[PDB]
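One structure is given here, and the rest of the page talks about it.
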Amino acid sequence: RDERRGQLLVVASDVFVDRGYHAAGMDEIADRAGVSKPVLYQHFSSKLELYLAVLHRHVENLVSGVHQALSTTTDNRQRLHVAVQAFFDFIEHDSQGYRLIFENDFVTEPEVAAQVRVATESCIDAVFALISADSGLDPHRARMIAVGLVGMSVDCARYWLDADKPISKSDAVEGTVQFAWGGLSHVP
Amino acid sequence: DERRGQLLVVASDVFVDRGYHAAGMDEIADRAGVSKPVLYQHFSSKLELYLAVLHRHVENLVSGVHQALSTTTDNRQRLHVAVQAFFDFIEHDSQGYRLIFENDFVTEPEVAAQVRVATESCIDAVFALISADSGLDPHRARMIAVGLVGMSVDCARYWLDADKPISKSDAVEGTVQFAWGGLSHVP
DNA sequence: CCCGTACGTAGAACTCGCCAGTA
DNA sequence: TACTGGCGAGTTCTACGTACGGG
């Protein structure tokens, strides 16, 4: 065989999203990869190691994109747009990462929760750092506002995706940006 | 009397401490100080017990939010009342916030459906208000309603996981001002 | 008449009797 | 005919859902 490890991680990411962590099985993974379960164990000595490798792959996909987006410009409207774009690009291309982060089913194993937390915190840090440097407010309050902003973006994105993309990505982004800028105050 | 109520409280405790999958009927019976057969006499399945706990918590949150939304037609005020109701929920019934938003049994759609309906009732109420008071068409109004509810829940989870570094009144006012004026009014 | 105990069983993460290609 | 190397056919352990001894 060739490097089956890469194809196994791709298949496992596909399978975990459909079944959930607990329901996914090594029998199902071997079945869909068309490889025997002992060979899979030859590559990954435990189910947890495979899970942490998938989680790490998805977090890095999102985080490098977010950092690169946040380094493009010092114009708050611009860094706002770049970050929201990075978020929508992630949720559209890596559907499995999206499901694994927002529909995580194995919180009972702290290494799992830590990978999720570090991924959520990278987003919070990028928004917070810009707001803190460019606002001078209370440190505690700025992080809370950054978290709210990130959460709002993810929830809008989840609405869009769960509705079978009823509007264009450009429309979803523009709506989110306009809402982030003028808030509820400019809706009526 | 009817031990059922105390059992639901104990089951909520066990699910929050251990998580759904790790929780066991043996542990719930142990902490309630009852035998496992009596627990099965009251709740025929772990899923049924979980759904009963979940339903209790959802009704707890949603009635508080809806009643908040009926107090006044000053949209800024109903924004504050609803967010306050949400923070109030997350502070008293600490176990419920975790059970709804840190849900570990995605494999059983009736669970996910009860969660979806709780989020959607709040979203529907906000959407209905935006549509009547803004002339916004459905897609944009619903997207904004979803954004507002998600933002409030995430702010509350940050605040609670950070051990409440500011007062709820402070937490509430900061959240409302950010929701109202957006980033344009942050510096 | 009824609670605490001790168990059957299901399901799945992990391993062992086959099976194909050489001199 | 024998040696390498990967696969169906067990093993066990864990935890849900019930059948013997006290009050």
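Surrounded by 15 or more Cβ atoms within 10 Å (Cβ to Cβ), of a type in the set (G, A, S), within 18 Å of the chain's Cα centre (by Cα) and more than 30 Å from B:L183 (Cβ to Cβ): does that describe A:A24? The answer is no for A:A24. Mind checking which residues of the stretch A:27-57 are closer than 25 Å to A:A113 by Cα, surrounded by 15 or more Cβ atoms within 10 Å (Cβ to Cβ) and within 10 Å of DNA strand D (Cβ to nearest atom)? Matches in the stretch A:27-57: A:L40 only. For residues that are within 14 Å of chain B (Cβ to nearest Cβ) and touching a residue at least 40 places away in the same chain (Cβ under 8 Å), scanning just the stretch A:1-17, find the one that is nearest to DNA strand C (Cβ to nearest atom). Selected residue: A:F16.
Could you list, in sequence order, all residues of the stretch B:162-187 that are in contact with a helix residue (DSSP H, G or I) (Cβ under 7 Å, 6 or more places away or on another chain), outside any helix (DSSP H, G or I) and farther than 21 Å from B:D74 by Cβ?
The answer is B:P165, B:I166, B:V186.
Selection of first residues in the stretch B:18-47 that are among the aliphatic types (A, V, I, L, M) and of second residues that are within 7 Å of DNA strand D (Cβ to nearest atom) and part of a helix (DSSP H, G or I), restricted to Cβ pairs under 7 Å at least 6 apart or on distinct chains, gives the following pairs, ordered by first then second residue: B:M25/B:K36; B:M25/B:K46; B:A29/B:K36; B:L39/B:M25. Scanning the stretch A:162-188 for residues that are at the interface with chain B (Cβ under 7 Å from one of its Cβ atoms), aliphatic (A, V, I, L, M) and without any contact (Cβ under 8 Å) to a residue 40 or more places away in the chain turns up A:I167, A:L184, A:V187. Of the residues making up the stretch A:65-75, none is in a loop (DSSP other than H, G, I, E, B), more than 16 Å from DNA strand D (Cβ to nearest atom) and crowded, with 19+ Cβ neighbours inside 10 Å.
Scanning the stretch A:18-56 for residues that are within 21 Å of B:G19 (Cα to Cα), within 8 Å of DNA strand C (Cβ to nearest atom) and not in a loop (DSSP other than H, G, I, E, B) yields A:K47, A:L48.
Only the coordinates and a few stated rules stand behind these numbers; no lab work does. In this analysis, Cβ positions are derived from the backbone assuming ideal geometry, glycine residues included, and neighbour counts consider all displayed protein chains.
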